[PDB]
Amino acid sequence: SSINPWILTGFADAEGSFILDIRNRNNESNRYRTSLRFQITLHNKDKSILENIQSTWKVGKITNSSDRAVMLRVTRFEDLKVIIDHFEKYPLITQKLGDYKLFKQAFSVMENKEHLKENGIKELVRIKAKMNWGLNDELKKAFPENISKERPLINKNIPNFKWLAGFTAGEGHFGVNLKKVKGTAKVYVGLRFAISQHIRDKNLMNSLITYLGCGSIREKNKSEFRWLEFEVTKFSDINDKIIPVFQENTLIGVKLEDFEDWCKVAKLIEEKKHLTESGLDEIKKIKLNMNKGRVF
C-alpha cells in the first residue's frame, strides 16, 4: 500500500501537477486569493494508485474528475510540506522540475504570509507566469506588465531504474503487433515497447537509448503538435534487456497486467510457438484482452 519513493517520483514526472492559483475573491478587483495544490488525474481503473500514494504521504483527498477519471488533490498548506520533503530527497527529472521549483518559491512567499500583501501578490503572479500554462486572459489584463514567461531548462539524467519503472508505469506501452502480410493469410508477431513524451524533454528521451542499450527515438506528429516516442522492436533487445528491467522493478496500476500478458507472448516467441498456428491463435486471444482491449 506504500509505493516506493523513486517509483512515485517517476510517476509524478509523468502524471503529477504543481499548481499555483491566483483568483479574485467574490469577484472583487484588487483582492486576490492565492493557493497551492498538488494533483494527479488518472482513469478510474487506476484509482488504487492514487490511494497507494495517499497511504505513502498520508495526505491528500481523492475526488471525481469526471465520469471516467478520479484525482488526488493536496490542498492543505501544511500537507504540502510532505510533498516538498519528498521531492527534495527524490527530485524530478523532466521539465516538471522547473514547475516544482516555482512551486516551492510560491510556498516560501505564502509561508511568510507575504501573499496577503501587494508586493507578495505581484511576486506570485510573476511566478505563475512561468508555471504550466502561465497567466490566463483575465489575469494578464490585471497585470499588463511585460512579465518573463520563460524558465531555466532542465537537463538531468535518469537517477535509477526505480524511477524508470514509475515513469514507464505512467507513460510506457507494451503492445503486440500483428503484421498481416497482404495477399495472404500469414501474420507475423512483433513485440513493441514504447515511451512517449513531449519534445521539451528531448534530451532525456535520447538518454533512454543509452540507459537501456537499445531502441530509437521516433519524432511523431499530430497536426501542428509534436512529440517523441522511444521504441524498441527487436525481440533480442526486448527479451534480454527491456523485460528483465521491469521484472526487477515492478510496475504499478493496470499497466502491470499488460506487461505480464506482454511477457506471456514473449515466452511464446522465445519458444518459437508464434510461428505455430496454435500459438498464434493464443497470441491473438491475449492481445485482444490487453491495453484498450482490456475491459475487465
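Start at 1 and count along the sequence shown; that's the residue number.
Chemist: If you average the Cα B factors in the entry, which is higher, 5-13 or 268-276?
Modeler: Here the higher of the two C-alpha B-factor means belongs to 268-276.
Chemist: Tell me which of 101-109 and 185-193 has the higher mean C-alpha B-factor in the deposited entry.
Modeler: Of 185-193 and 101-109, the stretch with the higher C-alpha B-factor average is 185-193.
Chemist: Hey, out of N44, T41, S66, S29, whose CA B-factor is highest in the deposited coordinates?
Modeler: The listed residue with the largest C-alpha B-factor is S29.
Chemist: Looking at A129, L92, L72, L212, which has the highest CA B-factor as recorded?
Modeler: Largest recorded C-alpha B-factor: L212.
Chemist: State the tercile, meaning the lowest, middle or highest third, of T168 with respect to the CA B-factors recorded for its chain.
Modeler: As the PDB entry reports it, the C-alpha B-factor of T168 lands in the lowest third of its chain.
Chemist: Among the modelled residues of its chain, does the C-alpha B-factor of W57 lie in the lowest, middle or highest third?
Modeler: Highest third, going by the recorded CA B-factors of the chain.
Chemist: Can you tell me whether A142 has a C-alpha B-factor in the lowest, middle or highest third compared with the other modelled residues of the same chain?
Modeler: Tercile = highest for this residue's CA B-factor.
Chemist: Comparing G175 with the other modelled residues of its chain, is its CA B-factor in the lowest, middle or highest third?
Modeler: For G175, whose C-alpha B-factor we compare with every modelled residue in the chain, the answer is the lowest third.
Chemist: Which third of the chain holds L288 when residues are ordered by C-alpha B factor: lowest, middle or highest?
Modeler: For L288, the deposited C-alpha B-factor lands in the highest third.
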